[PDB]
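Chains as they are written, first to last, in our numbering: chain A, 409 to 706; chain B, 7 to 81; chain C, 592 to 795; chain D, 3 to 141; chain E, 12 to 151; chain F, 3 to 141; chain G, 12 to 151; chain H, 12 to 151.
Contents: one structure, followed by commentary.
Below, the structure is given as structure tokens:
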């Protein structure tokens, strides 16, 4: 019979009636499960041994995708779907969350012989990538409400990811002054939604699937790792004091995350070679956080 | 203890040869088995009855009651 | 009438006591004398109180249970219950040929089995007379051949008339509900009635 | 639930065989599933035991259908001890893995049928599987 | 917004007539809840064929007999007689599969519902598709 | 028969063997422990022991069957001491390294039968398995 | 529990007359817990023996001198004298138990009870079996 | 149901008399709690011997002197004089053990309590067993 290989698969995200086949996929992980109500009615009459278990709900699925950067920048739609406002090829973090509910979309995981798993009512809840000395890759995390098995599906023949972008060394700046001795710049963006369970007595003897959710908060964060370097005795630029507001940018040849004003906290580790670690979050009144997506030649 | 009980006669014989497992529904085989794990439990609980008459003495649990029995399997 | 339970209706295993509280209720005129002596006078009648707690009840089981309870509330009769922990059939035989000599009042009782019963009722078991619906509790036992001497915790409510027959098995408490005035049942989204409990109370 | 038509029959050597089918109609709309039995009118069962599924396979034996107690739905399928001997004669010499007494004798299936109860020949297969002969010792 | 399931795989039983009936229902999502009315099958005909392969030039194993049961309730039945089942059984692939020797692949099938009239547009519609399998039987 | 209910009999050497059954049908749907002893009137069980599980095997012994209590449901399967001695003589000598008392003698089955006027053959197999001999020294 | 129930081991102590006290009792558990009555052992004779090996040709190293101390109450006693113990110790294997060096293997044993009586119920049962071990001593 | 502890290892002190006393107590478990009454040691004698090895033909190092202290309280004392302690010390193994050069293995010992009379059965009973060690002393 037909076995199902992960390497022989195709992941298509269905949004607005168009299929976004996300090629250049390094690895994805997903699971499906059901919720049970298992009670044991041991009584003084009969100290029974057999439980009363009924399947009544579908446990929400947690799908994680690892997607390489591409020249056609389809992967920026994950920021677009997660709530960021768009102007050109740059994504803004809005001052306030636009809507109460996230942007919902369906997703297919295609396989050979018309086999498919249909995740519905999905939303992008996490996107983080590490700019480092290895090839950058953004791990997106989406949560589903209802999963199903379907025969025919949506396959993104045209909308697809192009060639992976060549590696380019990261560099973090303050205005235009470079920060020396970078190790690993990791950026994190989240849409911490929550499922609104509305399982009621009208759903008795039926399988319940989560359908609606609301956004608790959105945020942009970055953890920067440096080597503890000082150029002067009693230096003022490079030290361990906190910085309430400072313009920061984690720049690459193909992407640049901008914090117009940042709150930096420093942490020193007395390891083999001393390392300082930053904790960059935008300030209260900071302008929207920028995320530029340069395909080629900026 | 110094002397004990040693089961000269009541003993386990030779180990049974390996044989591949198979799970059925009525008589229809279920294809592509990997690992069938069975679990059985008697989830008893100790009834601690340490009282003031056991002061200056070492107490040892003696009695217990069965909370539940069950049979389970993960395929 | 009979309170439904897995013995009468085995098709409903959800019925059946998750926990039963058999309380002793003997009102007494207790007085604490200034000299340290405590004097208590028994005047009001004693009555067993039964607190029954039910496990998760499915809709059909609760439908049967509350149908029976509402029939109770309608026809107004008494509601008999059978505690299962006291259902250890420790006395075989038929008790019709057992005579209890008349003119007996108080805790002690003398009954002649005439060589019919097999099995000894140990202390702590229940006891009930055929005519009166009161339920006693054996506290001590002593037999000399066929004659049995039984001591009961509550004094015999009625003096034996020479025809009352012992009932060592299938003893039912003639109780009345005490939660009737405000008795609500909650239905969960899981589909079960949770926290169903009864506060019964023996009448007479 | 789903489908469980596939069940294997283990018939005994030197002993006549008889199976008792309590036909039933369970419906799970109400939580205590309805125990309504089907009513056996204008019903006939046919079953043959044929070695292998390939076309032209020789007919090892044929089941003998009995319809009794039509009101409550039960029915019986059986075959005489002579049929048992004929089955055991043609059974393969290779024995089953789980039981060293059974030997594969062939395949089978019984087919219910309505004959013009509403001017329709509504015949469908009831069950199926493999027939296993269990070697006896008494005779 | 959800997906359809046009691909359906049928399993027939050898020596037994096969009967499948389809109901077409009109649907809508509005302020009032989902209103469903059966589609009136007038001038609606079906036609289905089975071949052993998708590629052009495939041998036609058999063809399905089409009928309309109830126009008012929008029910159409697509089935084949027992002789057609035997014909398909003869032409099926001889390759068996372990864990269930009964099933064998018979080929691919399609169903088109069409409405042909002078005033009606020449419109066809492939309602389903998939593969046809056979559950080999020993009786008969 | 009962393929899942195979039980191996153990017969002691130098000791007459005795095994008793109880045919007692149950129906616990009304209430648990509702069991009625089956009437065994005009029932006659019989069995045999053979060295190998195939045709042409040499018979080892035949159980001396009986019906201890008619209408009470207590049947008995047994054989005298001389038959046990014959079994011990015929039994194999491949003694186990950790069960040096048990040797395999053969395979056994017994069939219950109805011989009622106004009825037909009702043979049915109720026991199945192997006969193990336990060695003895006290004679 | 085919044979696991009626098997126990005996360790006769060297230079001491070995006597084992048995108490038959008819325990009823299926009908109701905690109900037991003695077996009326009148006409219930006992006999046992010991042999070095289980082969057909084996040496009768000893034999228990069984006796029914109480006809009722189901009390019996199997015992062997000092000479039999000495014979067993002399005719025992020289290989010592590692977990208890004083014990060495002597042989196998069985016990049969024969309830011969006027009633035609002359049944026999093997109520005991196992291995016989000798525990060495120095007090002589 | 619990186990006994017949195996007891004794440690004597060189140049010092060794005295061990045993009390035999009747016990029972009944409705009333454990009732213990001392066993009356009448016609009860003890006898113990020590050899350097378990195997037959072992050299007898010494023998214990036996006495009964109180029959009513069921107390019997088993001991040896200082000269016997010296005799055993001379015959002990010369192999020392580090972390405690004092102790040396002397041999194995057994104790049998017996009751011999015309009306009494010829019954012996090995009450204990084990090994005898010596704590070498320098004084005397």
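Backbone N, C-alpha and C define an ideal beta-carbon position, used for all residues, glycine too.
Query                                                                                                                                        : Result
Residue interval of the beta strand (DSSP E) (run including residue 55 of chain H)                                                           : 55-62
For residue 123 of chain G, three-class secondary structure by DSSP                                                                          : strand
Residue 136 of chain H versus G:13, G:14, G:19 and G:30, residue with shortest Cα-Cα distance                                                : G:30
Segment limits, beta strand (DSSP E) that includes residue 641 of chain C                                                                    : 638-644
Residues of its chain near residue 115 of chain F, where Cβ-Cβ distance is below 6 Å and the 5 sequence neighbours each way are ignored      : 46 and 125
Contact the region 521-538 of chain A vs the region 581-588 of chain A: 3+ CB pairs below 8 Å                                                : no
Buried versus exposed, by CB contacts within 10 Å (16 or more), residue 680 of chain A                                                       : exposed
Proximity of residue 35 of chain H and residue 103 of chain H at Cβ, strictly below 9 Å                                                      : no
Residue 7 of chain D in three-state terms, based on DSSP                                                                                     : coil
Residue environment, residue 15 of chain F, which counts as buried when at least 16 other CB atoms sit within 10 Å                           : buried
With 16 other Cβ atoms within 10 Å as the buried cut-off, status of residue 103 of chain F                                                   : buried
DSSP-derived helix/strand/coil call for residue 701 of chain A                                                                               : strand
Helix, strand or coil at residue 529 of chain A [DSSP, three-state]                                                                          : strand
Helix, strand or coil at residue 92 of chain F according to DSSP, with G and I counted as helix                                              : helix
Entirely enclosed alpha helix (DSSP H) segments - the region 461-519 of chain A, minimum 4 residues                                          : 485-490
Sufficient close CB pairs (3 or more, under 8 Å) joining the region 565-575 of chain A to the region 430-441 of chain A                      : yes
Best match in A:531, A:561, A:618 and A:559 for proximity to residue 549 of chain A [C-alpha to C-alpha]                                     : A:531
Boundaries of the alpha helix (DSSP H) in which residue 655 of chain C is found, first to last residue                                       : 650-666
Cβ-Cβ distance between residue 796 of chain C and residue 789 of chain C below 9 Å                                                           : Shown here, chain C extends from 592 to 795; a query on residue 796 of chain C therefore has no answer.
CB contact below 9 Å: residue 69 of chain G versus chain F                                                                                   : yes
Interface flag, residue 14 of chain G vs chain F, CB-CB below 9 Å                                                                            : yes
Segment limits, beta strand (DSSP E) that includes residue 58 of chain F                                                                     : Neither: residue 58 of chain F is in no beta strand (DSSP E) and is coded neither H nor E.
Classification of residue 52 of chain D by the beta-carbon crowding that lies within 10 angstroms, buried from 16 upward                     : buried
Residues from the region 443-467 of chain A in contact with chain C, defined by Cβ distance under 8 Å                                        : 445, 447, 449, 450, 451, 452, 453, 454, 456, 460, 462 and 464
Chain-order list of residues whose beta-carbon lies under 7 Å from that of residue 564 of chain A (same chain, five-residue window excluded) : 420, 427, 428 and 429
Element boundaries [beta strand (DSSP E), containing residue 429 of chain A]                                                                 : 426-429
Residue 42 of chain H (DSSP reduced to helix, strand or coil)                                                                                : coil
Endpoints, beta strand (DSSP E) assigned at residue 719 of chain C                                                                           : 717-720
Proximity to residue 757 of chain C [Cα-Cα], best of C:717, C:781, C:778 and C:787                                                           : C:717
Endpoints, beta strand (DSSP E) assigned at residue 77 of chain H                                                                            : 76-81
For residue 696 of chain C, the first and last residue of its enclosing beta strand (DSSP E)                                                 : Neither: residue 696 of chain C is in no beta strand (DSSP E) and is coded neither H nor E.
Cβ-Cβ distance between residue 627 of chain A and residue 468 of chain A below 9 Å                                                           : no
Residue 32 of chain E to residue 80 of chain E span [Cα, whole Å]                                                                            : 8 Å
Residues near residue 682 of chain C in its chain [Cβ-Cβ closer than 7 Å; skip 5 each side]                                                  : 708, 710, 712, 759 and 760
Where residue 615 of chain A meets chain C, residues with beta-carbon distance less than 9 Å                                                 : Residues of chain C passing the Cβ test: none, with the nearest at roughly 12 Å.
Within chain B, partners of residue 414 of chain A - CB distance below 9 Å                                                                   : Result: empty, since nearest Cβ-Cβ is about 16 Å, beyond 9 Å.
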